[PDB]
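Given as structure tokens, the chain that follows is alone and in the form deposited in one PDB entry.
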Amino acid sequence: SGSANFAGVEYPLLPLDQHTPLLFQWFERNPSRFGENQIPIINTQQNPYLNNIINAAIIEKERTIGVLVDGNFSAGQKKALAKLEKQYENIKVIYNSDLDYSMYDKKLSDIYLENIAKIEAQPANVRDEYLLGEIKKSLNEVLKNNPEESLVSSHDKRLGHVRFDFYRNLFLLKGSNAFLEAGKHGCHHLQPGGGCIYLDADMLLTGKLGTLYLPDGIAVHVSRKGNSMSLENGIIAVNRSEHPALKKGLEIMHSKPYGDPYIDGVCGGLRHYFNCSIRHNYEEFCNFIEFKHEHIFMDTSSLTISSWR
């Protein structure tokens, strides 16, 4: 199968076979902008994401296609989604609220208290006095209004990319298991502990993906703007659930007072897992870890307009 090297460690290229499900995500924070019986997934002329999901489902006829949705949909919008599932056998709509994420959760007061103890152990002359005060204010705010506030409940409140970025990582930790948890029947060759290929709805398929070969079975989008490249979470491919790199990102989220689902849960998890230290070469890590496929036209929203920026 081969292997690829980074930072003196050789990682086998593990296969994601052609039955690894694709995952699209659509979190709608104002579903009343859609018809009461319309499919609550944007499908404008500028952002034809529903059509893009349909088309990928038509190309990958044999592949399971998850659509993780969330929002306060009307009963009729949910029936519309159900009608979608019956039009395209391989499309499986999963309601985020139907999934149990508590095994990944942690109380904010415990995160805060853990950081306070470490920082307070440093004497006043060298400690980050500003940060310590910010964490104390955060903890105090939690204890005054919602002492059982946790990572999950806290992100539940923060509508926007921060929240759907957060659940994207948690769903990928479940991997194929999420389809089984959600009770989606007839997912061909889907196995517990199996993986998943997440794609932004503007990542256009133009042909079958076939089998992927990724270093330790993971790869992510690497975006290029001007002359720069950055790790991105617009594509996340894992060959298994609980991928140790995404788990490390969750661990970072569990120890950092202000963990970002993208910066820490994805970029941070990948870099620690592969030991891409601030001393190592970031461009070398990007090339090593990049998700590449000639049959995906990537981040097409940048050609028109973002759906949320």
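The term rigid core refers to the maximal set of C-alpha atoms that superpose within 1.5 Å between the two forms. Residues carry their position along the shown sequence, with the first being 1. Only residues modelled in both forms are compared.
The discussion below concerns the form deposited in another entry, not included here.
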**Study point:** Identity of the moved residue from 286, 16, 22, 298, C-alpha shift 2 angstroms or more, core fit between this form and the one not shown
**Key:** 298
**Study point:** Core-aligned C-alpha movement of residue 227 between this form and the one not shown, 2 Å or more
**Key:** no
Exercise for review: State yes or no: after fitting on the rigid core, is the Cα displacement of residue 127 between this form and the one not shown at least 2 Å?
Suggested key: yes
Exercise for review: Would you mind telling me if residue 126 and residue 280 are closer or farther apart in that other deposited form than in the shown form, C-alpha to C-alpha, with a 3 Å or larger change?
Suggested key: closer
Review point. Do any runs of 3 or more residues shift their CA by 2 Å or more between this form and the one not shown on a core fit, and if so, which ones, in sequence order?
Key: 120-129, 298-306
